[PDB]
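Have a look at the structure below before the remarks.
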Amino acid sequence: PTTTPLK
Ligand SMILES: *[C@H]1O[C@H](CO)[C@H](O)[C@H](O)[C@H]1NC(C)=O
């Protein structure tokens with residue numbers, strides 16, 4: 001878990 005708000 002090392003993702004971020006994809007926008
Ligand atoms: C990052 O986003 C991804 C999208 O699938 C997952 O939700 C993941 O759990 C996220 N990581 C954190 C640290 O929130």
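Naming works like this for the structure tokens: A, B, ... for the chains as they're shown, residue 1 at the start of each chain, ligands 1 onward in shown order.
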
Which residues of chain A come within 6 Å of ligand 1, and for each one, what is the closest pair of atoms and their distance in Å to one decimal, counting only C-alpha atoms and all ligand atoms, sorted by chain and residue number, as JSON lines?
{"residue": "A:1", "atom": "CA", "partner": "ligand 1", "partner_atom_place_in_ligand_line": "11 (N)", "distance": 4.2}
{"residue": "A:2", "atom": "CA", "partner": "ligand 1", "partner_atom_place_in_ligand_line": "13 (C)", "distance": 4.4}
{"residue": "A:3", "atom": "CA", "partner": "ligand 1", "partner_atom_place_in_ligand_line": "1 (C)", "distance": 3.2}
{"residue": "A:4", "atom": "CA", "partner": "ligand 1", "partner_atom_place_in_ligand_line": "1 (C)", "distance": 4.6}

Please save N, CA and C atoms of the selected residues as a compact mmCIF listing (two decimals), in the first residue's frame.
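See part-v2.txt below for the written result:
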# COMPACT_ATOMS: atom_id res chain seq x y z
N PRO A 1 0.83 -1.23 0.00
CA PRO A 1 0.00 0.00 0.00
C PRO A 1 0.85 1.27 0.00
N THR A 2 0.99 1.88 -1.17
CA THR A 2 1.78 3.10 -1.29
C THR A 2 1.28 3.95 -2.45
N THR A 3 -0.03 3.94 -2.66
CA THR A 3 -0.63 4.71 -3.75
C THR A 3 -1.12 6.06 -3.24
N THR A 4 -1.77 6.82 -4.12
CA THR A 4 -2.28 8.13 -3.76
C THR A 4 -3.47 8.51 -4.64
